[PDB]
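Report on one structure; see the data block that follows.
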Amino acid sequence: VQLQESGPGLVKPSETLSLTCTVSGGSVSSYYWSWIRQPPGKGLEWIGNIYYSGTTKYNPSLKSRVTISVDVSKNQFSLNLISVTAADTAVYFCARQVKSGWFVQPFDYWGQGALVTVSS
Amino acid sequence: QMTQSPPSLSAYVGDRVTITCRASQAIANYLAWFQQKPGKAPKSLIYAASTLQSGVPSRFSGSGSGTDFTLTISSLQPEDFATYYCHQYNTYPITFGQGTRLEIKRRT
Amino acid sequence: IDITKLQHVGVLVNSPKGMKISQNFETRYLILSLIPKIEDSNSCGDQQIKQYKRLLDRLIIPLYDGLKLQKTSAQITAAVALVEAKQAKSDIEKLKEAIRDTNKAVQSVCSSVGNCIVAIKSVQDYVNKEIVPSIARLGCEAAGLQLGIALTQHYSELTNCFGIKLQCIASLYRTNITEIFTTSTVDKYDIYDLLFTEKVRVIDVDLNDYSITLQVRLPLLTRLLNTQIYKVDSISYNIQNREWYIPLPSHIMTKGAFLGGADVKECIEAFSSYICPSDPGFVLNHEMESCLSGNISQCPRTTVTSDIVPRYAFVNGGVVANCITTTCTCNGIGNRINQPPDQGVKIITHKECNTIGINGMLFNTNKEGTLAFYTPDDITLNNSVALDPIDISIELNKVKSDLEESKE
Amino acid sequence: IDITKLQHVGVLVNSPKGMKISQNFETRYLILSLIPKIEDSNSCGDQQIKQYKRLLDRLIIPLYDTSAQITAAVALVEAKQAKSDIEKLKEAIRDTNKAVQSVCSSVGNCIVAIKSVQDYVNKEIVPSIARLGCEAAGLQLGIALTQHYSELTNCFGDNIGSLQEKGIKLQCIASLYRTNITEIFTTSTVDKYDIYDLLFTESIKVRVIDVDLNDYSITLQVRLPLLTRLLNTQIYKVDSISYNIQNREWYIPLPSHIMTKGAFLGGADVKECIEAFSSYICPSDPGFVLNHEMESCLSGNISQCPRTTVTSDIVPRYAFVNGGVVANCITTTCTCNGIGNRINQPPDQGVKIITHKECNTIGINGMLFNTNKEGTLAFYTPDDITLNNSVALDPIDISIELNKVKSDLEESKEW
Amino acid sequence: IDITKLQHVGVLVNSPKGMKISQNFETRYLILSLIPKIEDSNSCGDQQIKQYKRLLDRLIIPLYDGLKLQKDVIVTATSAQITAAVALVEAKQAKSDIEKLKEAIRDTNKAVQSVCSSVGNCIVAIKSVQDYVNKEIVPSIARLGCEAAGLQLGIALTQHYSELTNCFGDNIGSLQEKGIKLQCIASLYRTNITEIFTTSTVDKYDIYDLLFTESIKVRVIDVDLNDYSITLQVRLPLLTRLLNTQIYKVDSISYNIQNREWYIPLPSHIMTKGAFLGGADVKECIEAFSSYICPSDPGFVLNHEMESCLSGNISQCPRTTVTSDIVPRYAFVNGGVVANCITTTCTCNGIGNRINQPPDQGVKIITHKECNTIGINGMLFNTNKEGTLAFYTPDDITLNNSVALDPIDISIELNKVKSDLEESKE
């Protein structure tokens, strides 16, 4: 299907941040989505999932910092976090993945890139 | 936790090319090889180590289970010029590895 | 029963409280069905879902040899119960046939003759909660994981108690306890009184479906009247500086208008009630009850060997005790209150004791248990019995020496 | 044994069985191991449990130094040699390739109990590769081993005395390893026999002779008897009932079991002795040996029997003797609703006897069935009986009658 | 105490041992919070907690009913209720600290709470399962999801509920008069006893006795029904030696006369303390290395004939007609080995012979010297030290204090005596 991000790309430190992500097609409320980021240099760090029943589960490497949203009508979902330091200068993809057996895996499915450039 | 056997492979077209991701802790449940291509949007490729996705060609395949795992490819072409990764699901934080910057050869 | 004249020799008597026993029983038959049927789906099944079945059911089913002995009579009470179960076994099996492949309807309320065999299926409530993982969320293999471990746990809990006590087979079905245990018989009496009661039993068993069959009794409580239970608590009293007590049971009662001992060891206290099926009326010596009736001067005695605090205790605020092993210090003014050698105790009353502090423990007066009057009596030490039989053996052997040397 | 009169006075003789004793002391030494396997290092929760198991063994390590201690030390010192022997093999077999493997010569075994749940672990393994998680496998393993720990601790939490005596017993260890050992309990030892007695290994006791704090293992000397009959020794097992007298209800007490042998007998105690289809099994011949008077009561001048006052229960309604009925119907009134009447009231009687031929279906307090009823029994004999053995049991009552006799004899010896 | 001369009528008197008593009442208090706390329940395990909560009513409500009954004529019925309620009123004085400090547990997750007013006197608490919930957290977050962690929690709480219901065993509505032991609550946590039962205050004496409080029992003084807490009056002893106190043991091995294996009956334990002489009831109290720890002073009084038997006037020792136990037949007295050498054929193979005994002599001692190889069934053994003859062996012995032990036998005998009285001077 198609996912697609939206929002600004500049945040001054120790402020709030929030960016949106919406589908173009598909069908919400039948399964989850999730959020993945990485710095421009190295690595790939999972942030947390979003479940259509208003349930989220997060990587405790970023414990008690973050919240993810639901939007069933507009078929979207977004982020809201508060400890927006500068070292999180990164890119924030979107996930849309599906069942397999034991428990279910989110990954890259569609996201061109959330151009984040934080600054002082 | 996961990692990558080569950080890069200067592999020219026309040979077998593969990988050995080793699980740490060594364990069964499976790893979604996906390619990230800088400049475009990524996508997930091999869910559960041989069930390659819809529409991806049969050139790729995955062979193994448990403590480590490896690839199987032949008949190479340049369009697969993208950094792949690997994965460990069943330790809930959704781990990845450092990366495999493939580099095709015989520049035109 | 005559508390008044007994206060003077250490007696306490707590209160009159009646009985409430089982006379209408309402036998019910319960079948246990097992292997919680997955909701009508496919693609999952395992073997240790079944392994334990042969194991337990084969421990159990050979216990049939000790049933035909029909050719303490609880043997034949059991026999009559089993005959009635036999008589109903036809509809038992018909119901079982209906419910087995029906793979839903966790509890059955058919009510053909009496209440239906409920056919408590092991897990199906949780399995209904479980399915939505197994379908539209995940595969049935994570379900197989969760279900395997949970079913094994439930089995491990079975094996604790499989002469069963019904509360444990309740505890198997944690939610399902109070519902059926309350509403099988329409319980307009206190549910809590029913909760105290506990016997549950197996009559036979299936092995191909592996279902267990039980014969439950679930009685009614009919208050017997003109009969009140008493508790009893005796204490010391002294004679010639010899501290002797009065042996009596833990309880006594007044059946109708006659008397007798009481054994509520079976049953639980209440505010007016003692929930025991059996009616303990254990007759005791006419010599003993002559005192309880009132003829105190023919009571038994015994040399004391206990701890201290059974040498003093309350009677309606005003304290009663031996004033020798615990020097009576009424704060009127605080000073030692010794006895005559004639007496053994003193019934001290609302004379000056405003708030007594004997033994360092300061507390308050305003006695109400009346008859502020002591006891003069005969030197009535006649029945100086001994409890342990050894002393009696040596006593009578001295008697034997005496009679043998004096007979010549 | 005038059963034809015992029926008439109340006492009954039901289910005469045999007797056997395993007076032998065949022992084999079978031990514990408490640390199961893992592949490439799992250890997912195996460290959370072993200091905990050491916390159990805390009150198992100590030791110190009586006509039973002589046994508990002579067996142990005669076998301290075999203990030193099995030390080497213990060192060899602490580590394994499978759960259930141990081997020794000198036909007597040394086969260990086994790494406790390693059976279920060998079942668990093939998930954990190719299907499952370290996390999930350790989850299963931890819950399993904790179940096993509690199941262990109930048998034997501790040393301090009188826990090991009704602790470690082989059948409780069998209950501990029950899921594992249901098939192979008989096979662990070489001996074979019928289900009931030796295959059952009647409720025996075993003592931990050595313990290894360092490697979490216990050295158990399993005792294992050898059985053989005892002939010319049968039983006439016993149960009593009520018996009316003067409209009052008395009885006669007797044991729960007895035994006869040729010309001797006794009310043999069989609490530590399991009852069977034809012959029960005491580990040693009991000696519940009794009065000449009560011997006569049993098997002779039955007028010399005692007689005592019921107080607890109405024991009739288990009134069934060879199809017939034997109960206290003078007061617990009865009915032959076919062949119709009410059962009568011979005042000297305490128990009527009613045959299948007499009444073709007997009633009681108000139910009506029939057993077979064609058995073998007869009676026509009214009796009047001497009364010179009135006794009681309540020590208060004995003492009071003694004090009454004191009063009488004091009057006499002053006179 | 005539320790020696008894050893030709079948006695082992082991040895003197001292004694201790818990003179004082050193007292700290404990409280419990029977729920575990989770840091975040994002729709996580709460059904299991509700199940446990509903189950716990059955155990907790009779306790509150009894505790409510505990009150006497109030100063705001039965014997030990007196002292219990007085101790509850003395706990009313620290109710202030208790009720101030109960909230800090619910406020903050923690395994053990060590908030205390003073260094010496401290009051602490334990969440029922939190020591294990700190690792039940990780299957719920960042190892797995909650769908099965909740299940693990359920099984954990059920095990714990049975493990508490065993010891607070609701046999009766008015059970509170029975004592809950320190060891069930010791096992409430698995591996915190050797810490807290040694650290709760200054507790110096070693693992053996003072840290071995078996007999001790515990009150209940505050039970709640909204946060579901328990409070416990935790007594604590403080021990020293007691003077001139010699506690012996007592066995009784048969001496058979004319093929009648009989034995003197005696208590388990006998003690002596200056003039005191009585056989204590020490089953409740510990056997130590050299001195018995019992809180009370269990010594009491016995038949005069028994003291005369112990004092040395042995001709009044009561024989007893029996089928003896398996015990009374033979054991060793500190080198001097005694048996009943008419039933068991004590057979010195060195020199090879059956060992001679007359029917007159009840039993007979054979020491280190008279036979190094004292012979019975399984003798490859050691023979070192003294068992002294010291009885003017052989001697004449009387029998005139024989007894019977079962009541019905006595009833028979006294019925005979009644007939004989009615026959003698009638």
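Protein chains in written order, with the deposited numbering: chain H, 2 to 121; chain L, 5 to 112; chain B, 20 to 90, 124 to 214, 225 to 260, 263 to 472; chain C, 20 to 84, 124 to 473; chain A, 20 to 95, 123 to 472.
For each residue, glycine too, the CB sits at the ideal point set by N, CA and C.
Which whole-angstrom value is the C-beta distance of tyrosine 16 (chain L) and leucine 190 (chain A), which I expect to be below 8 Å?
As a position in the second sequence, residue 16 (chain L) is number 12, starting the count at 1. As a position in the fifth sequence, residue 190 (chain A) is number 144, starting the count at 1. Going by Cβ atoms, the distance from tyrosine 16 (chain L) to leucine 190 (chain A) rounds to 44 Å, so no, they are not a contact pair.
Along chain B, in chain order, which residues have C-beta atoms closer than 9 Å to that of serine 465 (chain A)?
In the fifth sequence, counting from the first residue as 1, residue 465 (chain A) sits at position 419. One finds nothing in chain B with a Cβ atom closer than 9 Å to the Cβ of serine 465 (chain A); even the nearest lies about 12 Å away.
Could you list which residues in chain B have their beta carbon closer than 8 Å to that of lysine 58 (chain H), in chain order?
The residue you call residue 58 (chain H) lines up with position 57 of the first sequence. Correct list: empty, because the minimum Cβ distance to chain B is about 14 Å.
Terminal residues of the beta strand (DSSP E) in which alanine 385 (chain A) lies
Along the fifth sequence, read from residue 1 onward, the residue named residue 385 (chain A) stands at position 339. Element bounds for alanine 385 (chain A): 382-385.
Got a sec: which bits of the region 48-73 of chain B sit with their beta carbon under 9 Å from any beta carbon on chain A, in order along the chain?
none
Given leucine 435 (chain A), which residues of its chain have a CB within under 8 Å of its CB, disregarding the five upstream and five downstream residues?
To locate residue 435 (chain A), count along the fifth sequence from 1; it is residue 389. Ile411, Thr413, listed in sequence order.
Taking Cβ-Cβ distances below 9 Å as the criterion, which residues of the region 187-211 of chain A are in contact with chain L?
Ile187, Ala188, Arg189, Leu190, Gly191
Test item: CB-CB of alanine 326 (chain B) and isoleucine 339 (chain B) under 8 Å:
Numbered from its first residue, the third sequence carries residue 326 (chain B) at position 262. Numbered from its first residue, the third sequence carries residue 339 (chain B) at position 275. Cβ atoms of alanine 326 (chain B) and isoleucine 339 (chain B): not closer than 8 Å.
Nearest to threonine 390 (chain C) by CA position, among C:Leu356, C:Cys355, C:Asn305, C:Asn418, is which residue?
As a working mapping, residue 390 (chain C) is identified with position 332 in the fourth sequence. The residue among C:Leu356, C:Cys355, C:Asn305, C:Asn418 with its C-alpha nearest the C-alpha of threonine 390 (chain C) is C:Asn305.
For chain D, check one thing: does any of its Cβ atoms lie closer than 8 Å to the Cβ of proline 97 (chain L)?
The structure shown has no chain D; the protein chains it does contain are H, L, B, C and A.
What's the call for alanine 195 (chain C), buried or exposed, on a 16-neighbour Cβ count within 10 Å?
In the fourth sequence, residue 195 (chain C) corresponds to position 137, counting from 1. When all chains shown are included, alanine 195 (chain C) counts as buried.
How many Å lie between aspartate 21 (chain A) and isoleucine 80 (chain C) at the Cα?
On the fifth sequence, position 2 is the one that residue 21 (chain A) refers to. On the fourth sequence, position 61 is the one that residue 80 (chain C) refers to. Their backbone Cα atoms lie some 38 Å apart in a straight line.
Which partner residues of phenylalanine 38 (chain L) appear in the DSSP bridge assignment?
Residue numbering aside, residue 38 (chain L) sits at position 34 when the second sequence is read from its first letter. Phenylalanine 38 (chain L) pairs with L:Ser48.
Hey, how far is the Cα of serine 163 (chain B) from the Cα of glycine 345 (chain C)?
The count along the third sequence starts at 1 and reaches residue 163 (chain B) at position 111. The count along the fourth sequence starts at 1 and reaches residue 345 (chain C) at position 287. When rounded, the distance between both Cα atoms is 58 Å.
What separation, rounded to the nearest whole angstrom, lies between the Cα atoms of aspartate 273 (chain C) and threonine 244 (chain C)?
The count along the fourth sequence starts at 1 and reaches residue 273 (chain C) at position 215. The count along the fourth sequence starts at 1 and reaches residue 244 (chain C) at position 186. So the alpha carbons of these two residues sit roughly 28 Å apart.
In chain order, what residues of the region 368-389 of chain A put their CB closer than 8 Å to some CB of chain C?
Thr369, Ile372, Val373, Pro374, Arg375, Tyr376, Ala377, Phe378
If you compare alpha carbons, which of A:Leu82, A:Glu469, A:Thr444, A:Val449 is closest to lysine 462 (chain B)?
Numbered from 1 along the third sequence, position 398 holds the residue referred to as residue 462 (chain B). It is A:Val449.
Can you check whether the C-beta of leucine 451 (chain C) is within less than 8 Å of a C-beta belonging to chain A?
Walking along the fourth sequence from the start, residue 451 (chain C) turns up at place 393. Interface residue, yes.
So if I threshold CB-CB distances at 9 Å, which residues from the region 72-103 of chain L count as touching chain H?
Here the close residues are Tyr89, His91, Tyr93, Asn94, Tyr96, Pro97, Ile98, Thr99, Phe100, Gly101, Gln102, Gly103.
For the region 36-61 of chain L, which residues have a CB atom closer than 8 Å to at least one CB atom of chain H, in sequence order?
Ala36, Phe38, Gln40, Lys44, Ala45, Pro46, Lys47, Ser48, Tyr51, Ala52
For a contact meaning CB atoms closer than 8 Å, what does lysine 138 (chain B) contact in chain A?
Within the third sequence, residue 138 (chain B) is the residue found at index 86, counting from 1. Neighbours of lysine 138 (chain B) on chain A: none; closest Cβ ~35 Å, over 8 Å.
With distances taken between CB atoms, is the gap from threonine 74 (chain L) to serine 65 (chain L) smaller than 8 Å?
Here residue 74 (chain L) refers to the residue found at position 70 of the second sequence. Here residue 65 (chain L) refers to the residue found at position 61 of the second sequence. Result no, Cβ atoms of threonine 74 (chain L) and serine 65 (chain L) do not sit closer than 8 Å.
Taking the straight line between their C-alpha atoms, what separation do you get for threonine 22 (chain L) and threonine 55 (chain L)?
Here the question's residue 22 (chain L) lines up with position 18 in the second sequence. Here the question's residue 55 (chain L) lines up with position 51 in the second sequence. Spanning the two alpha carbons is a distance of roughly 17 Å.
From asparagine 399 (chain A) to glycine 408 (chain A), what distance separates their C-alpha atoms?
Against the fifth sequence, residue 399 (chain A) aligns to sequence position 353. Against the fifth sequence, residue 408 (chain A) aligns to sequence position 362. So the two alpha carbons sit approximately 20 Å from each other.
Would you identify the three-state DSSP class for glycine 64 (chain A), choosing helix, strand or coil?
Locating residue 64 (chain A) in the fifth sequence gives position 45, where the first residue counts as 1. The answer is coil: DSSP assigns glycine 64 (chain A) none of H, G, I, E or B.
Rounded Cβ spacing between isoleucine 276 (chain C) and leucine 147 (chain C) (contact assumed at less than 8 Å):
Here the question's residue 276 (chain C) lines up with position 218 in the fourth sequence. Here the question's residue 147 (chain C) lines up with position 89 in the fourth sequence. Actually they are not in contact, since the Cβ atoms of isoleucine 276 (chain C) and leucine 147 (chain C) sit about 15 Å apart, beyond 8 Å.
Using a Cβ cut-off of 9 Å, pull out every chain C residue sitting near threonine 244 (chain A), in sequence order please.
In the fifth sequence, the residue the question calls residue 244 (chain A) occupies position 198. Using a Cβ-Cβ cut-off of 9 Å, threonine 244 (chain A) is close to nothing in chain C; its nearest Cβ partner there is about 13 Å away.
Taking DSSP as the reference, what is the three-state secondary structure of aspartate 177 (chain C)?
As a position in the fourth sequence, residue 177 (chain C) is number 119, starting the count at 1. The answer is helix: DSSP assigns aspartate 177 (chain C) an H, G or I state.
In chain order, which beta strand (DSSP E) runs of at least 3 residues are fully inside the region 149-196 of chain A?
169-173
Take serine 34 (chain A) as the anchor and find which of A:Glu223, A:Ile293, A:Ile40, A:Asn386 has the nearest alpha-carbon.
Taking the fifth sequence and counting its residues from 1, the one referred to as residue 34 (chain A) is at position 15. Comparing Cα positions, the closest option is A:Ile293.
Contact with chain L by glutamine 77 (chain H), beta-carbon distance below 8 Å:
Working through the first sequence from its first residue, we reach residue 77 (chain H) at position 76. No, its Cβ sits nowhere closer than 8 Å to a Cβ of chain L.
Kindly indicate the opening and closing residues of the beta strand (DSSP E) around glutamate 46 (chain H).
As a working note, residue 46 (chain H) is residue 45 in the first sequence. Here the beta strand (DSSP E) through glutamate 46 (chain H) covers 46-52.
Can you check which of these residues, C:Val179, C:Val158, C:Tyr178, is closest to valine 170 (chain C) by C-alpha distance?
In the fourth sequence, the residue the question calls residue 170 (chain C) occupies position 112. If we check each option's Cα against that of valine 170 (chain C), C:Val158 comes out closest.
What is the DSSP secondary structure of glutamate 45 (chain B), counted as helix, strand or coil?
Within the third sequence, the letter at position 26 stands for residue 45 (chain B). Three-state DSSP puts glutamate 45 (chain B) in coil, outside helix and strand.
If you compare alpha carbons, which of A:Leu86, A:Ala202, A:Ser457, A:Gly29 is closest to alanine 133 (chain A)?
Stepping through the fifth sequence from its first residue, residue 133 (chain A) is reached at position 87. Checking every option, the nearest Cα to that of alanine 133 (chain A) belongs to A:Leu86.
Could you name the residues that DSSP lists as bridge partners for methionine 317 (chain A)?
Within the fifth sequence, the letter at position 271 stands for residue 317 (chain A). Paired residue(s): A:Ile293, A:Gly324.
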